[PDB]
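Given next, in structure tokens, is a single chain: the form deposited in one PDB entry.
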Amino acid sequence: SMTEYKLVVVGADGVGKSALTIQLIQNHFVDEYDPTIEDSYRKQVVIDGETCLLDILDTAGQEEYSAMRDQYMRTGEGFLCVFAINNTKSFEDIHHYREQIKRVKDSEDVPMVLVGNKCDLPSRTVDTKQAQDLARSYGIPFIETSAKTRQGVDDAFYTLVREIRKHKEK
């Protein structure tokens, strides 16, 4: 048999949500910035021996359309909360996403993974320990990724599936 998971990629504009998604789906790094409105992708994978159909909703990094945002969060089962390690504001935004997801889904326990992207770049402004401490305070995984080198890309998405499965067990 198989099981389907609705994954939603959220985070400030430019952090690499689409580049991460395109690496997962198409196995190449988009060097250019093509700003997202909204895109959906699907991919069948095996995670921990169990066949999964992944639905990936790649959202735009914007804060203007709250009715759409709320619906994204209602439908999504797990959230990849992405910041860029060279963008402190994007890291400071993270707690807002968690607060919104918990409110929309009426739960203190929503599957999510904190993703620190662009770890190939030499211009870091957010320390790994800062992000690890925030993730630990939420009880969620933290993964450093580079959509450019593909480091951590599969791990970020697969860990999110693992988090959804752990939540469904409760």
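Numbering starts at 1 and follows the sequence shown. In this text, the rigid core denotes the largest set of C-alpha atoms whose superposition between the two forms falls within 1.5 Å.
The PDB entry records a higher mean C-alpha B factor for 26-34 than for its counterpart among 26-34 and 101-109. Averaged over Cα atoms, the B-factor as recorded in the entry is higher for 59-67 than for the other of 59-67 and 111-119.
For residue 41, the recorded CA temperature factor ranks within the lowest third of the chain's modelled residues. Per the deposited record, the Cα B-factor of residue 54 falls in the lowest third when ranked against the other modelled residues of its chain.
Among all modelled residues in this chain, the alpha-carbon of residue 159 has a temperature factor (C-alpha) in the middle third. Residue 149: CA B factor in the highest third of modelled residues in this chain (values from the PDB entry).
Although not depicted, the form solved in complex with a partner chain is the subject of the following passage.
The closest non-hydrogen atom of residue 129 lies beyond 4.5 Å of the partner chain in the deposited bound form. Using a 4.5 angstroms limit between non-hydrogen atoms, residue 69 touches the partner chain in the deposited bound form. For the chain shown alone, residue 62 is a contact residue for the partner chain in the deposited bound form, at least one non-hydrogen atom being within 4.5 angstroms. Of the heavy atoms in residue 104, some are within 4.5 Å of the partner chain in the deposited bound form. Only one of 20, 15, 156, 10 lies close to the partner chain in the deposited bound form, with a heavy atom inside 4.5 Å, and it is 10.
Core-based superposition between the shown form and the other one shows that, of 68, 47, 134, 30, only 68 has its Cα displaced by 2 Å or more. Between residue 131 and residue 69, the C-alpha separation grows by 3 Å or more in the deposited bound form, relative to the conformation displayed. Relative to the displayed conformation, the Cα-Cα distance from residue 84 to residue 65 grows by 3 Å or more in the deposited bound form.
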